[PDB]
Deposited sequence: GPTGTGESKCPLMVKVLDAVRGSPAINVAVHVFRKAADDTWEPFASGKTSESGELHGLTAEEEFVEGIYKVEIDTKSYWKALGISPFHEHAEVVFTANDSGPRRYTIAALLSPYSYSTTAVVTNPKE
């Protein structure tokens, strides 16, 4: 007898994020839940999970990663629910 009750009675305009999980019972992953509420901004990956036996014999490699740039990010209220509020991004 499993009984789960979340936000049974609500009145009055709330701002909500809800995640409810109920469960009764090279790379390998069997059973999982990943990234339910997840934000990636300016994420990088250069060399991931190359095949078996890469560059096995007499390999000559020059690897050069240059992250150099006038990049700008401006964010308000990331994963922040709000109510009866004022959110703004004003430039000049």
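| In sequence order, which deposited residues have no C-alpha? | Deposited residues absent from the model fall in 1 to 10, 36 to 57, 125 to 127.
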